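Heads up: the protein sequence lines correspond to chains D, E and B, in order.
In terms of the deposited numbering, the first sequence opens at residue 350 and continues consecutively.
Counted the way the deposited numbering counts, the second sequence spans residues 18 to 45, 49 to 547.
In terms of the deposited numbering, the third sequence opens at residue 350 and continues consecutively.
C-beta: ideal position from N, C-alpha, C; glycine also.
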Amino acid sequence: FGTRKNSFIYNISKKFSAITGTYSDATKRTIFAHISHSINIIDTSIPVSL
Amino acid sequence: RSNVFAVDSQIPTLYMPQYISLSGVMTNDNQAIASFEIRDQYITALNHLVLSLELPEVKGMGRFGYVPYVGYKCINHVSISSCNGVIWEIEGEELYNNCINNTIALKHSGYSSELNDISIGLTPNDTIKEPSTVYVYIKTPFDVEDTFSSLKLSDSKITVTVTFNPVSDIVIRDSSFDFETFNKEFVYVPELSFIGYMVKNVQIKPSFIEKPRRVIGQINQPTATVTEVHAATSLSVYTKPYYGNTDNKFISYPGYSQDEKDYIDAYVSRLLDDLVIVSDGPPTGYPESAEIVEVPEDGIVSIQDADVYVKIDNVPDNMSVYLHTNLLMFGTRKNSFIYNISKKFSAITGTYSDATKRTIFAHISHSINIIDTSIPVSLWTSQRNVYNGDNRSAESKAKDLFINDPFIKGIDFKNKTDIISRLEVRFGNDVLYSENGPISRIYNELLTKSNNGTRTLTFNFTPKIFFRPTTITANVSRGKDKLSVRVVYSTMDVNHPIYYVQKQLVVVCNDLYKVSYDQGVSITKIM
Amino acid sequence: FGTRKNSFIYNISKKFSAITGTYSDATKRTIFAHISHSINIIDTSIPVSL
């Protein structure tokens, strides 16, 4: 999200710092293990249309 | 105007409390009986009885734990009596129901992982449990208003008698544990304590007390009569399962973890190690009646109408995955509806472990309810089942537990399924109350703030102690002096095994008595 | 001025929009004519050590 093309940006992917896990070849998808993040309740409470 | 910022402090009666501990005399079908004599001219009153018990060291092999709330689950009967007769008494189930909303009391009665985890011993000298002490708070009617309601001893001798249940009731064990030796050498060791009051110039007046009275109906009857009802404060109805026609074996028990999800996850954990087997060639060690089918490369196995999705990770190249498709099955006619536990699963995923040669399960999708966890093993292999029935391994058959827990209600361990669909109470010939939904249970739980209420008609709403309780009064002249209860049991499907568990109807009537103190302690029946 | 390496920046040269003028070859310097800007008193009131 941003209002002018080169100012501050709210980016949800910058709130992750470490992502580890194991891939599963039986179901063709990734099973994620331990995550470290700083997500708060507001990000989960933002409506999709905004 | 009334002053709300001050009050005149009343000087109370001069007194001095003291904690008093006594030792008991044990006496001895073969049920243990402990008798305690309280005799000292300086104790004027008492309340707040606590019973302590030393549980001994348990050694040997096998799996062994204690039931939750051992201390309360041990007591069959309590009686307080003087020379004029019984003053008060209660059954263990009414005591437990009265103390079920007290979390502090349940915590002191023994609820921890040290006691309730299912431990394993590997050599005949392995110590399974360390010695510990449990405390049973014996809640009485003398506790409502502290000193105001305490039992006065008008210079008489008071005797307390605790009758114990046999030790088979409070122990959960498998077949490899030497129960007859443990039972031959186990000994109950009780001690009683109470709070006494030394009062100078006490002034005693008569009070009112309630004695619960129990009546048990015949097996499978939907009726039960309570005679000699002259002043009842309430009426309660519930059902107990009766396991006398079985061996009391169950597949699983969660131990310390007591959520309904924990019951279900322990049941699934016991079934899954037998459900999906990784083997080189058709698996061996099962009865001939087992229909074990290889899972195709696509990963979907269709069992009649049910579709099972099986994906196991890290399976070696020289081995295959097999699915047990009729682990437990029950039916009453050869080509009708079938209750099949294999069809209650829809997705099974996990990873193979080459170190332990077993499957570690990941995500499970199921529809298991508490009834499946609550079916005794004997009912799968009864004579009315037209199939073989149990295609489990003998290694799995050796982990079943004996459970004789005496205070089970409903037809599952959590009292979640409501099997009473209609209730009708008659007083004489006229219908006093009738209901379809559980509105009386909703009222019992709102008014007592419990999570395990029963169907209760309450007649008393006046404040305790300071007022005489309100009662429903008999009109023996018009013949209205008995309480009949009649239920209709909810219809179940004739192919569900739970249709054949036997049920008993339990009615509890709280009778009103008057306590008087003219030459010693005495009680009279209100008429 | 900035506090983290890729966030909002206060930049004084972004507050100019048009600059016209005439160069002078006699004094070897530029004589600036009309300027359009949005400078306020605070920029002129910021101490150099900040």
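**Message:** Threshold first: 3 residues or longer. Then list the beta strand (DSSP E) segments lying entirely within the region 74 to 129 of chain E, N to C.
**Reply:** Taking 3 residues as the minimum length, the beta strand (DSSP E) runs contained wholly in the region 74 to 129 of chain E are 82 to 86, 95 to 102 and 105 to 111, in order along the chain.
query = Can you find a C-beta in chain D that's less than 8 Å from the C-beta of E/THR201?
reply = Position 181 of the second sequence, counting from 1, holds the residue named residue 201 of chain E. Interface with chain D (8 Å Cβ-Cβ cutoff): E/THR201 is excluded.
In the DSSP assignment, what are the bridge partners of E/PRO489?
Numbered from its first residue, the second sequence carries residue 489 of chain E at position 469. Per the DSSP secondary-structure output, E/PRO489 pairs with nothing in a beta bridge.
Which of the three DSSP states, helix, strand or coil, is assigned to E/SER169? The residue labelled residue 169 of chain E in the question sits at position 149 within the second sequence. Three-state DSSP puts E/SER169 in a helix.
Can you list the residues of chain A that E/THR369 reaches, using a CB-CB cut of under 8 Å? Although the question refers to chain A, the structure presented lacks it and instead comprises the protein chains D, E and B.
* Should E/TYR537 and E/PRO261 be called a contact, given that it needs their Cβ atoms to be closer than 8 Å? -> Position 517 of the second sequence, counted from the first residue, corresponds to residue 537 of chain E. Position 241 of the second sequence, counted from the first residue, corresponds to residue 261 of chain E. Not a contact, by the Cβ cut-off of 8 Å.
Would a check of beta-carbon distances place E/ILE384 closer than 8 Å to chain D? Here residue 384 of chain E corresponds to residue number 364 of the second sequence, with the count starting at 1. False, the Cβ-Cβ gap to chain D never drops below 8 Å.
What residues in the region 317 to 341 of chain E have a beta carbon less than 7 Å from any beta carbon of chain D? Those would be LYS331, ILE332 and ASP333, in chain order.
- Query: Between the beta-carbon of E/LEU173 and the beta-carbon of E/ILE63, is there less than 8 Å?
  - Reply: Numbered from its first residue, the second sequence carries residue 173 of chain E at position 153. Numbered from its first residue, the second sequence carries residue 63 of chain E at position 43. At the C-beta level, E/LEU173 and E/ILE63 come within 8 Å of one another.
*Check the C-beta distance from E/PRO396 over to E/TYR287 and give it rounded, since I have them as a contact under 8 Å.*
Translated into the one-based positions of the second sequence, residue 396 of chain E becomes position 376. Translated into the one-based positions of the second sequence, residue 287 of chain E becomes position 267. Not really, about 13 Å apart at Cβ, beyond 8 Å.
Which class does E/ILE388 belong to by DSSP, given the choice of helix, strand or coil?
-> Translated into positions along the second sequence, residue 388 of chain E becomes position 368. Collapsing the DSSP output to three states places E/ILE388 in coil.
(message) What would DSSP say about E/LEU31, mapped onto helix, strand or coil?
(response) Here residue 31 of chain E refers to the residue found at position 14 of the second sequence. Correct three-state label for E/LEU31: coil.
Exercise. When DSSP labels each residue in this structure, what does E/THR345 get in the three-state scheme?
Worked result: Locating residue 345 of chain E in the second sequence gives position 325, counting from the first residue. Residue state for E/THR345 is assigned as coil, using DSSP reduced to three classes.
Open item on the list: What would DSSP say about E/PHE202, mapped onto helix, strand or coil?
Closed with: Reading the second sequence from its first residue, position 182 is the one you call residue 202 of chain E. Here E/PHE202 sits in helix by DSSP.
Same chain, Cβ closer than 7 Å to E/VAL321, five either side skipped, listed in chain order
The sequence position of residue 321 of chain E within the second sequence is 301, counting from 1. Cβ within range, chain order: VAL313, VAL315, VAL328, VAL330 and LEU343.
Can you give, in chain order, each stretch of the beta strand (DSSP E) that sits fully within the region 442 to 482 of chain E and has at least 3 residues?
Those beta strand (DSSP E) runs which fall completely within the region 442 to 482 of chain E and span 3+ residues are 450 to 455 and 475 to 478.
query = Cβ atoms of E/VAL191 and E/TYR86: under 8 Å apart, would you say?
reply = Along the second sequence, read from residue 1 onward, the residue named residue 86 of chain E stands at position 66. Along the second sequence, read from residue 1 onward, the residue named residue 191 of chain E stands at position 171. A Cβ-Cβ contact shorter than 8 Å links E/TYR86 with E/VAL191.
Going by CA-CA distance only, name the one from E/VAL296, E/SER356, E/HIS386 and E/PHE184 that's closest to E/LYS377.
Locating residue 377 of chain E in the second sequence gives position 357, where the first residue counts as 1. Taking only the C-alpha atoms, the option nearest E/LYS377 is E/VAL296.
*Tell me which same chain residues have a C-beta within less than 7 Å of the C-beta of E/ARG461, skipping the five on either side of it?*
Position 441 of the second sequence holds residue 461 of chain E. Around E/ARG461: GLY473, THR474 and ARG475.
**Asked** Pick from E/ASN346, E/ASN424 and E/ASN389: whose alpha carbon is nearest that of E/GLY409?
**Response** Translated into the one-based positions of the second sequence, residue 409 of chain E becomes position 389. It is E/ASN346.
> In terms of alpha-carbon separation, which member of E/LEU399, E/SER272 and E/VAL496 lies closest to E/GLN522?
Replying inline: Walking along the second sequence from the start, residue 522 of chain E turns up at place 502. Closest option to E/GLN522, Cα to Cα, is E/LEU399.
With E/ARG234 as the anchor, note down where its beta strand (DSSP E) starts and where it stops. The count along the second sequence starts at 1 and reaches residue 234 of chain E at position 214. Membership of E/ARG234 in the beta strand (DSSP E) is indicated by the continuous run 227 to 236.
* Asked: Is it the case that the Cβ atoms of E/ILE58 and E/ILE178 are separated by a distance below 8 Å?
  -> One-based indexing of the second sequence puts residue 58 of chain E at position 38. One-based indexing of the second sequence puts residue 178 of chain E at position 158. Yes; because the gap between Cβ atoms is below 8 Å, this pair is in contact.
Point to revise | Continuous beta strand (DSSP E) assignments of at least 3 residues falling wholly in the region 298 to 342 of chain E | key: For the region 298 to 342 of chain E, whole beta strand (DSSP E) runs of length 3 or above, ordered along the chain, are 312 to 314, 320 to 323 and 326 to 333.
#### Entry: Helix, strand or coil at E/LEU142 according to DSSP, with G and I counted as helix
Within the second sequence, numbered from 1, the residue matching residue 142 of chain E stands at position 122. If DSSP states are grouped into helix, strand and coil, E/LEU142 belongs with coil.
- Query: With distances taken from CA atoms, which of E/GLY275, E/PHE214, E/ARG404 and E/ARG412 is nearest E/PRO307?
  - Reply: The residue you call residue 307 of chain E lines up with position 287 of the second sequence. The shortest Cα separation from E/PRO307 among E/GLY275, E/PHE214, E/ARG404 and E/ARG412 belongs to E/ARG412.
Rounded to whole angstroms, what's the CA-CA distance from E/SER99 to E/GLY105? Just pull it up for me.
-> Residue numbering aside, residue 99 of chain E sits at position 79 when the second sequence is read from its first letter. Residue numbering aside, residue 105 of chain E sits at position 85 when the second sequence is read from its first letter. Cα to Cα, E/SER99 sits roughly 10 Å from E/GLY105.
Quick one: residues in its chain with C-beta nearer than 6 Å to the C-beta of E/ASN435, no 5 flanking neighbours on either side, listed in chain order?
-> Numbered from 1 along the second sequence, position 415 holds the residue referred to as residue 435 of chain E. Closer than 6 Å at Cβ, skipping near neighbours: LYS429.
task: Check the DSSP bridge columns for D/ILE380 and list the partner residues they point to.
output: Numbered from 1 along the first sequence, position 31 holds the residue referred to as residue 380 of chain D. Answer by DSSP bridge pairing, in chain order: D/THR371.
Roughly how many angstroms separate the alpha carbons of E/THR490 and E/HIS250, rounded to a whole number?
For the purposes of this step, residue 490 of chain E is identified with residue 470 of the second sequence, where counting begins at 1. For the purposes of this step, residue 250 of chain E is identified with residue 230 of the second sequence, where counting begins at 1. So the alpha carbons of these two residues sit roughly 12 Å apart.
Margin query: Quick check: what's the CA-CA separation for E/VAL257 versus E/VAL528?
Written below: By 1-based counting over the second sequence, the position of residue 257 of chain E is 237. By 1-based counting over the second sequence, the position of residue 528 of chain E is 508. Straight across, the Cα-Cα distance linking E/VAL257 with E/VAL528 is about 7 Å.
### Query
Under a Cβ-count criterion, where at least 16 other Cβ atoms within 10 Å of its own Cβ denotes burial, should E/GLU74 be classed as buried or exposed?
Here residue 74 of chain E refers to the residue found at position 54 of the second sequence. So E/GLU74 counts as exposed.
Notebook entry, point to check: Among E/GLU111, E/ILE37, E/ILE440 and E/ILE546, which residue has its Cα nearest to the Cα of E/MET512?
Noted result: Here the question's residue 512 of chain E lines up with position 492 in the second sequence. Per the Cα distances, E/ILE440.
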